[PDB]
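Below, read A as the first sequence line, B as the second, and so on, with proteins coming before strands; counting in each chain starts at 1.
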Amino acid sequence: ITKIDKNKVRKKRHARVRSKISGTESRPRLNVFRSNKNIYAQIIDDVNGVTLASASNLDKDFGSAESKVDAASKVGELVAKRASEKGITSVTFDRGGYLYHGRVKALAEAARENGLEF
Amino acid sequence: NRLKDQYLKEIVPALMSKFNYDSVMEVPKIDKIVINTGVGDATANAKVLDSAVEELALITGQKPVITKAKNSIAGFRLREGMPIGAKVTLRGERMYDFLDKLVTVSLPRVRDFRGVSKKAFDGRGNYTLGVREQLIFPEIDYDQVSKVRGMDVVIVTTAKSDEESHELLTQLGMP
Amino acid sequence: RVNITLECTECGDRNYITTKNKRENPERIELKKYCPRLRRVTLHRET
Amino acid sequence: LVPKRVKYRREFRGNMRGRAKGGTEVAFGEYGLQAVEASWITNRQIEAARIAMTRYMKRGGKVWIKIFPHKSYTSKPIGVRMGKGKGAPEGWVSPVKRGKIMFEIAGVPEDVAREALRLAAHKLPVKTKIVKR
Amino acid sequence: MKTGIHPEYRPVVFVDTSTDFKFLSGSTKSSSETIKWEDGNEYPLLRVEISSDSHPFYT
Amino acid sequence: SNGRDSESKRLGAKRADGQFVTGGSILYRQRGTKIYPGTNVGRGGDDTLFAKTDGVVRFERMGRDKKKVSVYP
RNA sequence: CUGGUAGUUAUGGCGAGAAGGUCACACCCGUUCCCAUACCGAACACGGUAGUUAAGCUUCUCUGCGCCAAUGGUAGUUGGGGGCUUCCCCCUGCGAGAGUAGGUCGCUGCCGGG
RNA sequence: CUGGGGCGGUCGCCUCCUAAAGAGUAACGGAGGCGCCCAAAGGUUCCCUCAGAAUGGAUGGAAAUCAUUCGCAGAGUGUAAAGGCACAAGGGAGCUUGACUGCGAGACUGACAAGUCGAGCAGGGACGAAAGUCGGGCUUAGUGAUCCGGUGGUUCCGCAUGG
RNA sequence: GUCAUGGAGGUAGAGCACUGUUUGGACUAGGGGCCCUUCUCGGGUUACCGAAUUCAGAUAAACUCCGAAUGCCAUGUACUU
Ligand SMILES: [K+]
Ligand SMILES: [Mg+2]
Ligand SMILES: [Mg+2]
Ligand SMILES: [Mg+2]
Ligand SMILES: [Mg+2]
Ligand SMILES: [Mg+2]
Ligand SMILES: [Mg+2]
Ligand SMILES: [Mg+2]
Ligand SMILES: [Mg+2]
């Protein structure tokens, strides 16, 4: 028997999301990669192909947490913070193919609270 | 229970030294045990299916999902959809509670069984156990349901080569 | 299969025509359509 | 020789411009009968030519018929005005373009091959040339 | 694992009359009978038809 | 028993590559996506491709076997 | 150096072989909580990091499959002429498909950790 | 209408070939469909992948269901055919009625009558965390004018005035 | 009108990747001939058929992995008209 690769099928879902959601110079794409151990956020111009802001969990500059959902709320806080710094207001939220429920959600929720307009 | 722990104690190193694997991750482990019935006389009357959805629910532990026909043959008298046969899968600490039964209570009520029935392997590395009737098992008995129908039991393994599966089933307990 | 007219309860007119199969759906169909007289959504029911 | 079945019962006559796209080099036998000019070869002409080749060989050596009649042709009876739709299928033809090896033979000596093929060629409505591999 | 769908998954001991040995294996139909082995963790008991370990052919 | 045929549906390209079009100009009439909507182009309910804004029409390739029509202002 | 994320007609793919691993990535251990299965913690989700590079993952080699692909010639053909007109030939321009020499085990951008 | 007329056939719409690589293009030329269907077979969110073959398994047989491997589609797509479709337009499930009202820059098609597509604006919604999508259905048949009647509604007229 | 540049489009040709039509090998399944201890359950043969399978070779208005010449639609700050 063969074990299906989660990331391969993950990326096949991601494709389905990217179908309807592209980053513009006015409204970029808040892309979320999620690993078993930590989580990462990027804010991207798909017309040019350049990331403007990026938060993550394994950053020596602010990266203390209790639970992986709580941790992801802290990463969501920083990405939102660093986005406002750069001068980005309105973003579209790319799930990356993850179901909008546990972490990826709490990343979004916590980010939407700070200076971001989904 | 007493089998899964016994897999992690006296079946992981020794077996691996027989084939000589690199890591302990290739170690052929069992994934899922899939038991289906297939009631040919279901299209006419559905109460014989209900009895099939009752028996498996006392054998395994978890109710079976009813399987629906795929295409249409007129010979057997079948039409698109229509509930024909039930199926159930075991994974985790409920599955290694369905191999001990077969090691203890299933075999002796069968007449003969020449160790590992070599004829009943696919070759890709999975086993199918030929099951005559239901009275082999000890929960249901022949004093509840009218007719036996029958059963069909599959056991899926990580094993790549048939020989690397044959030398697993035995050591677990099942001849 | 027949032509159907949905009568609004308040609107007081039947401007929504539709169709159904009156064998599969013999009952009177209810749908929450926009009533342009009241300029809101109201339950419309088959006549 | 008849197609077992056909998608369409009626079909355009088509045209026979150009050298045959394939089957211009003897590929199975030693000797072949190559069409020099284009023509329709009816199944009745292919059979005539086949028996003429075969009888002269006396169940000796092989005969490949490299052309098959794929194309039906229709006719109108005598005393029928034009119109009222396409006529009924009559027979079957192979449009043979120039350079197409129609028959091939192996397993007999040159002289018998060359003789077999001239007998075959006299039943065909097309100018032929005997060619060898 | 869903709740209020399937029957019980409770553990239960199975014993043969001939060889007289005990082992834990979860299944349906408890019947509620006492055991000797593992007196702390009390489980049901069921009577079983002659087992494989007893029969010398399969053993 | 023959003799029938529908009206021809005047399908195919209605503006050229490199031609200035107004918003709403039909670019391509088609059954299905022979050509796919590009940037500033929309697909109508009958697969008609139309300019969402004024601009210049550009037919590009969109990956080996497929094709698309864009409108760049 | 590796994770993420784009671009680019597969020269990028598949297949085969090999090496590598807390720096991530991964499988892997668990089902108490959110959340799951038309049955199943397989998946999805959440909490762990004992165990391992075996697989995916990354890098390296290979032309077996695919893919890309000249030049030359030919078919066809716009225009202009001839014939012996089921068709054929000549002049001028354009010029395939197939086949072949050959090419390829990618190239390119941004972001984080190293 | 008609390779004289009659007899037979045909008469409107959709798909293909004829059609000569834009569009268009005839014949009593070659082939088929239509005069509907669907309360989901529509909208939206989320999730998914088919056919067939090999191999092993009780009633089970070549062929029912189950498991594994190989499988770019050899399946499916309500319904002909063509053009599409695996980011699926194909398959599940949850909630729904956008199968909305007022419209509509601008195009396509057309002798006319008609026919077709349409961003976007307003009202008020469905689904969605949002982005957004939704004015029926993968697309293209499923229809028939005017006149005259019938029913419903109506800050319209009402033959001196009120009716 | 020509030149230049861009583009839509599947014809000629060609090709067999699909769909149909088709020839000759080789290859096993099988069934039917042929003998048969046999219940034709199973063997041994076949060239009597056979459905796949590959190798070689053909073929198409309603086949296409391909694909011109022309024609068509545009654009130009080009030259004529
Ligand atoms: K002759
Ligand atoms: Mg026409
Ligand atoms: Mg529509
Ligand atoms: Mg007449
Ligand atoms: Mg006449
Ligand atoms: Mg045309
Ligand atoms: Mg009055
Ligand atoms: Mg041709
Ligand atoms: Mg053609």
Salt bridge (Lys or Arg N to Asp or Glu O under 4.0 Å) partner of C/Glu46, the single match among C/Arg28, C/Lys22, C/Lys33, C/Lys20: C/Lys20
Chi-angle category of H/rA58 [syn within 90° of 0, anti beyond]: syn
Review item, nucleotides 83-88 of chain H N/O atoms under 3.5 Å of protein N/O:
{"unit_1": "H/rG83", "atom_1": "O2'", "unit_2": "F/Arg31", "atom_2": "O", "d": "2.5"}
{"unit_1": "H/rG84", "atom_1": "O3'", "unit_2": "F/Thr33", "atom_2": "OG1", "d": "3.2"}
{"unit_1": "H/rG84", "atom_1": "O2'", "unit_2": "F/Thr33", "atom_2": "N", "d": "3.1"}
{"unit_1": "H/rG84", "atom_1": "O2'", "unit_2": "F/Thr33", "atom_2": "OG1", "d": "3.0"}
{"unit_1": "H/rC85", "atom_1": "OP1", "unit_2": "F/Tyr36", "atom_2": "OH", "d": "2.4"}
{"unit_1": "H/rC85", "atom_1": "OP1", "unit_2": "F/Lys66", "atom_2": "NZ", "d": "3.2"}
{"unit_1": "H/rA88", "atom_1": "OP2", "unit_2": "A/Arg16", "atom_2": "NH1", "d": "2.8"}

Any A/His14 side-chain nitrogen or oxygen under 4.0 Å from OP1 or OP2 of G/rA6: yes
I/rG9 OP1/OP2 closer than 4.0 Å to side-chain N/O of F/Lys67: yes
Length of the NZ-P vector between E/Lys2 and G/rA38, whole Å: 7 Å
N/O (side chain, F/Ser6) to phosphate O (OP1/OP2, H/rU15) under 4.0 Å: yes
Sugar-phosphate, base or nothing in reach of C/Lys22, heavy atoms under 4.0 Å: nothing
Which atom pairs, donor and acceptor, lie under 3.5 Å between side-chain atoms of residues 3-11 of chain D and protein residues at least two apart or in another chain?
{"unit_1": "D/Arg10", "atom_1": "NE", "unit_2": "D/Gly87", "atom_2": "O", "d": "3.1"}

Watson-Crick or G-U wobble pair, I/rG71 with I/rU19, both distances under 3.5 Å: no
Chi class for H/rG74: syn within 90° of 0, otherwise anti: syn
F/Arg64 side-chain N/O to G/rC68 phosphate OP1/OP2 under 4.0 Å: yes
Where RNA chain H forms stems, i.e. three or more consecutive Watson-Crick or G-U pairs with both distances under 3.5 Å: H:12-17 with H:29-34, H:42-48 with H:90-96, H:52-54 with H:68-70, H:81-83 with H:138-140, H:100-103 with H:120-123, H:106-108 with H:115-117, H:125-127 with H:132-134
I/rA78 and I/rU2 base-paired, Watson-Crick or G-U, both contacts under 3.5 Å: yes
I/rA56 - base-pair partner by Watson-Crick or wobble geometry, distances under 3.5 Å: I/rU23
Sugar-phosphate, base or nothing in reach of F/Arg10, heavy atoms under 4.0 Å: sugar-phosphate
Residue C/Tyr16, side-chain atoms from C-beta onward, closest of H/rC46, G/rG4, H/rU101: H/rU101
Two-distance pair criterion under 3.5 Å, Watson-Crick or G-U, for G/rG72 and G/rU9: no
Side-chain H-bond candidate by donor/acceptor type, A/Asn38 with A/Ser35, under 3.5 Å: yes
Pair B/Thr157-B/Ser165, side-chain donor/acceptor within less than 3.5 Å: yes
Side-chain donor-acceptor distances from residues 20-30 of chain F under 3.5 Å, at least two apart:
{"unit_1": "F/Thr22", "atom_1": "OG1", "unit_2": "F/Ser25", "atom_2": "OG", "d": "3.2"}
{"unit_1": "F/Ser25", "atom_1": "OG", "unit_2": "F/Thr22", "atom_2": "N", "d": "3.4"}
{"unit_1": "F/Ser25", "atom_1": "OG", "unit_2": "F/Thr22", "atom_2": "O", "d": "2.7"}
{"unit_1": "F/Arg29", "atom_1": "NH1", "unit_2": "F/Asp46", "atom_2": "OD2", "d": "3.3"}
{"unit_1": "F/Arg29", "atom_1": "NH1", "unit_2": "F/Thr48", "atom_2": "OG1", "d": "3.0"}
{"unit_1": "F/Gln30", "atom_1": "OE1", "unit_2": "F/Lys34", "atom_2": "N", "d": "3.0"}
{"unit_1": "F/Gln30", "atom_1": "OE1", "unit_2": "F/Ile35", "atom_2": "N", "d": "3.0"}
{"unit_1": "F/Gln30", "atom_1": "NE2", "unit_2": "F/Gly32", "atom_2": "O", "d": "3.4"}
{"unit_1": "F/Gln30", "atom_1": "NE2", "unit_2": "F/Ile35", "atom_2": "O", "d": "2.9"}
{"unit_1": "F/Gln30", "atom_1": "NE2", "unit_2": "F/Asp47", "atom_2": "O", "d": "2.9"}

Two-distance pair criterion under 3.5 Å, Watson-Crick or G-U, for G/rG64 and G/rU78: no
Nucleotide nearest D/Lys7 (side chain, heavy atoms from C-beta), chosen from I/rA14, I/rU19, H/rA129: I/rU19
Residue list, side-chain contact (heavy atoms from CB on, under 4.5 Å) with D/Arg17, at least two apart or on another chain: D/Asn15
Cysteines C/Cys35 and C/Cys8 with SG distance under 2.5 Å: no
Nearest-nucleotide pick for B/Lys68, side chain only, options being H/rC47, G/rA38, I/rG6: G/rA38
Proximal nucleotide (of H/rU140, G/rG112, H/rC108) relative to the F/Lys14 side chain: H/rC108
C/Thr47-C/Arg14 side chain donor-acceptor pair, cut-off 3.5 Å: no
Presence of donor-acceptor pair under 3.5 Å, side chain of A/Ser35 and base of G/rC25: no
For nucleotides 26-30 of chain H, list the nitrogen or oxygen atoms of the protein found under 3.5 Å from its nitrogen or oxygen atoms, one pair per line.
{"unit_1": "H/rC28", "atom_1": "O3'", "unit_2": "D/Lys84", "atom_2": "N", "d": "3.4"}
{"unit_1": "H/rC28", "atom_1": "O3'", "unit_2": "D/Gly85", "atom_2": "N", "d": "3.3"}
{"unit_1": "H/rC28", "atom_1": "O2'", "unit_2": "D/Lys84", "atom_2": "N", "d": "2.8"}
{"unit_1": "H/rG29", "atom_1": "OP2", "unit_2": "D/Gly85", "atom_2": "N", "d": "2.8"}
{"unit_1": "H/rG29", "atom_1": "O3'", "unit_2": "D/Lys86", "atom_2": "N", "d": "3.4"}
{"unit_1": "H/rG30", "atom_1": "OP1", "unit_2": "D/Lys86", "atom_2": "N", "d": "2.9"}
{"unit_1": "H/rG30", "atom_1": "OP2", "unit_2": "F/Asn2", "atom_2": "ND2", "d": "2.8"}
{"unit_1": "H/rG30", "atom_1": "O5'", "unit_2": "F/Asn2", "atom_2": "ND2", "d": "3.0"}

Under 3.5 Å for both distances: G/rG93 and G/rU77 as a Watson-Crick or G-U pair: yes
